[PDB]
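This report concerns only the one structure given below.
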Amino acid sequence: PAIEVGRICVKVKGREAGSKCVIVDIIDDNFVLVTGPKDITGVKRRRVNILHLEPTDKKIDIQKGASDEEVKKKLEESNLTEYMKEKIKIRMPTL
């Protein structure tokens with residue numbers, strides 16, 4: 001899927017850095033727009049460079065530049081309501 005955007009990303013790094021996000025934008029060229037449920041995963045909307053890429057197998061279809069409310073509706077295409085909400089690391093809130 002990394003050949004084309006329109007998919008979901010995971011943050012990888014040591015010491016707390018696992019968060020799931022949906023990618024939807026191409027910026028200058030090496031930067032993309034990413035979003036996640038602020039209430040659960042904790043990521044709202046932010047931009048990340050290709051230098052940290054973690055792609056998963058998923059669907060491809062973004063209008064391009066969606067507004068936040070429009071971006072949130074797109075998350076449902078991702079089916080976050082229960083497929084996700086994974087808590088990538090057991091340690092995160094009180095730990």
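Going by the structure tokens order, chains are called A, B, ..., each with residues numbered from 1, while ligands are numbered from 1 in the order shown.
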
When you look at residue 49 in chain A with a cut-off of 8 Å (counting only C-alpha atoms), what residues show up, excluding the ones that are within fewer than 6 positions of it in the same chain? I need them as a PyMOL selection string. chain A and resi 30-32

Run DSSP on the backbone and tell me which residues of chain A come out as strand (DSSP E or B); list them as an NGL selection string. :A and (8-10 or 20-26 or 31-35 or 45-49 or 55)

Restrict the selected residues to C-alpha atoms and save them as a compact mmCIF listing (two decimals), in the first residue's frame.
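Done, and the output landed in again.txt:
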```txt
# COMPACT_ATOMS: atom_id res chain seq x y z
CA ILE A 8 -3.77 3.88 7.91
CA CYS A 9 -0.54 4.49 9.80
CA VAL A 10 0.93 3.37 13.16
CA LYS A 20 -2.92 4.46 15.07
CA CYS A 21 -3.79 7.17 12.54
CA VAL A 22 -5.49 7.51 9.16
CA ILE A 23 -3.43 9.34 6.49
CA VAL A 24 -5.11 11.79 4.11
CA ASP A 25 -2.98 14.44 2.31
CA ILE A 26 0.26 15.08 0.43
CA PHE A 31 4.98 15.22 4.51
CA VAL A 32 1.45 13.76 4.86
CA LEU A 33 -1.64 14.64 6.97
CA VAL A 34 -2.61 12.07 9.65
CA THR A 35 -5.56 11.86 12.09
CA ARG A 45 -4.73 15.73 13.42
CA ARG A 46 -1.04 16.17 12.73
CA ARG A 47 1.54 16.01 9.90
CA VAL A 48 4.33 13.38 9.77
CA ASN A 49 7.35 12.97 7.43
CA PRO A 55 1.77 1.33 6.64
```

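Going from CA of residue 95 in chain A to CA of residue 56 in chain A covers 26.7 Å.
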
I'd like to know which of A:60, A:3, A:75, A:12 is closest to residue 88 in chain A, using only C-alpha atoms. A:12

Residue 86 in chain A surroundings by only C-alpha atoms, 10 Å radius, close-in-sequence under 6 positions cut, as a PyMOL selection string: chain A and resi 18-20+40-41+80

Contacts of residue 91 in chain A at 10 Å or less, counting only C-alpha atoms, minus same-chain residues fewer than 4 places along, as a PyMOL selection string? chain A and resi 15-16+87+95

Using only N, CA, C and O atoms, please write the residues we just selected to a file, as a JSON list (two decimals), in the first residue's frame.
```json
[["chain", "number", "residue", "atom", "x", "y", "z"],
["A", 15, "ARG", "N", 10.22, 3.76, 23.63],
["A", 15, "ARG", "CA", 9.55, 4.55, 24.70],
["A", 15, "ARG", "C", 8.24, 5.20, 24.18],
["A", 15, "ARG", "O", 8.26, 6.24, 23.56],
["A", 16, "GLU", "N", 7.13, 4.59, 24.50],
["A", 16, "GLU", "CA", 5.77, 5.11, 24.11],
["A", 16, "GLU", "C", 5.76, 5.84, 22.77],
["A", 16, "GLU", "O", 6.26, 6.94, 22.63],
["A", 87, "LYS", "N", -4.95, 0.30, 21.57],
["A", 87, "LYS", "CA", -4.03, 0.45, 22.73],
["A", 87, "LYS", "C", -2.80, -0.34, 22.30],
["A", 87, "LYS", "O", -2.61, -1.48, 22.67],
["A", 95, "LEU", "N", 0.20, 4.22, 33.23],
["A", 95, "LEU", "CA", 1.55, 3.59, 33.31],
["A", 95, "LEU", "C", 2.48, 4.26, 32.30],
["A", 95, "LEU", "O", 3.64, 4.43, 32.62]]
```

Using only C-alpha atoms, which of A:69, A:57, A:82, A:76 sits nearest residue 2 in chain A? A:57

So what do you get for CA of residue 78 in chain A versus CA of residue 53 in chain A, distance-wise? 18.2 Å

So that I can check the secondary structure, give me every residue of chain A assigned alpha helix (DSSP H) by backbone DSSP, as a list in words.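 Taking chain A and keeping alpha helix (DSSP H) gives residues 68, 69, 70, 71, 72, 73, 74, 75, 76, 77 and 78 of chain A.
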
From the set A:6, A:1, A:79, A:14, which residue has the shortest atom-to-atom contact distance to residue 61 in chain A, counting only C-alpha atoms? A:6

For residue 65 in chain A, which of A:4, A:43, A:27, A:13 is the closest residue, counting only C-alpha atoms?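 That would be A:27, the residue with the smallest distance to residue 65 in chain A.
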